[PDB]
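Read the figures in this text as sums done on the coordinates, not as results from a lab. With ideal geometry, Cβ positions are generated from the backbone for all residues, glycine too; neighbour counts draw on all protein chains shown.
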Amino acid sequence: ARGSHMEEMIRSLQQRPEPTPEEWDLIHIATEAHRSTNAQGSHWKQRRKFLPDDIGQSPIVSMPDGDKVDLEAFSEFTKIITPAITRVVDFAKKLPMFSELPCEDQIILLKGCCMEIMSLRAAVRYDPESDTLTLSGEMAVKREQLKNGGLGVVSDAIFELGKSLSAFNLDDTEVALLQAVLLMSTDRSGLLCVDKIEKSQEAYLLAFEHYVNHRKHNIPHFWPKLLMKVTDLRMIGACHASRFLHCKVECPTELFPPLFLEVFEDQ
Ligand SMILES: N[C@@H](Cc1cc(I)c(Oc2ccc(O)c(I)c2)c(I)c1)C(=O)O
């Protein structure tokens, strides 16, 4: 019927496929890679400081879509963006299927997912009571502030994602696997090792579907619902890439930290 008598008893309430031992090892590695690079781990809610409320209310630099930029808010956010980008690279480097790619492939994949991953890490720290996001576990920001400091409607999409993810009760492994599925994408141009990257994505997706089955979440249809959030995050990444091109047409390079320009000054 099954396996041994013990195995069937332990699996008695399981229906759905659980992770294999090899998937559990993949899951453990990705979870630890995320927790060792996710800032302020559990400490974030006490240790975050609100962005002063008089910053972000003065958008005066024009943009093509008519959502203007407040340069002082954009400066406060870019001031802390280089350590946050650096943690996404630290995370990817800790995944063996990423670190074994050619160096050129690893840079293309990191450029392709960086905003998706930093937006997910802000959105999972949405706080319903203050209606804020937390940036790098330290800066609490209101919708108006993040919208006027350069993101424009991107910030609304991240807040909407953050508010919707509260009911999903994601744990650190789910966040780490959504990050690995975002990272291991072949939807980018100029990759060499396409088949290998697709195979990794498929291994991460299936470990992730089996870990979701293991967790027995209390909202129904959890796995497709979570896939639809991955799609929302890729839309957020595309919106940000379009918006960042416009930033650079409008504003001088001196305002953009070198690593921020490198990861996104892109297509
Ligand atoms: N909160 C994340 C890091 C994180 C840091 C920052 I600054 C963010 O804001 C952005 C992002 C792109 C931009 O062009 C602008 I202007 C502001 C976001 I959204 C996320 C972490 O915990 O790693």
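Would you mind finding the one in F208, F256 that is more than 16 Å from the ligand (Cβ to nearest atom) and surrounded by 15 or more Cβ atoms within 10 Å (Cβ to Cβ)?
Every option except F208 fails the conditions.
Failed condition for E174, given (1) surrounded by 13 or more Cβ atoms within 10 Å (Cβ to Cβ); (2) under 14 Å from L110 (Cα atoms), with all others met?
So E174 meets the others, but not (2).
Just wondering, is there one or more residues in region 42-53 that are out of contact with any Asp or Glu (no Cβ under 8 Å at 6 or more places or on another chain) and closer than 27 Å to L261 by Cα?
For region 42-53, residues out of contact with any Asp or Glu (no Cβ under 8 Å at 6 or more places or on another chain) and closer than 27 Å to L261 by Cα: present.
Do we have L261 as surrounded by fewer than 18 Cβ atoms within 10 Å (Cβ to Cβ), of a type outside the set (S, T, N, Q), within 15 Å of the ligand (Cβ to nearest atom) and part of a helix (DSSP H, G or I) here?
In short, yes.
Among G162, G190, which is the only one that is crowded, with 22+ Cβ neighbours inside 10 Å and within 30 Å of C247 (Cβ to Cβ)?
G162
Pull out all pairs, ordered by first then second residue, where Cβ-Cβ is under 8 Å, the residues are six or more apart or on different chains, the first lies in region 239-251 and is closer than 15 Å to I158 by Cβ and hydrophobic (A, V, I, L, M, F, W, C), and the second is within 11 Å of the ligand (Cβ to nearest atom) and not in a loop (DSSP other than H, G, I, E, B).
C239/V154; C239/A157; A241/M115; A241/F264; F244/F264
Just checking: which of the helices (runs of 4 or more DSSP H) contained wholly in region 106-200 hold 3 or more residues that are among the small types (G, A, S) and within 15 Å of the ligand (Cβ to nearest atom)?
153-165
Would you point out which residue out of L182, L151 is within 25 Å of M97 (Cβ to Cβ), crowded, with 16+ Cβ neighbours inside 10 Å and among the aliphatic types (A, V, I, L, M)?
Going through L182, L151 in turn, the sole match is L182.
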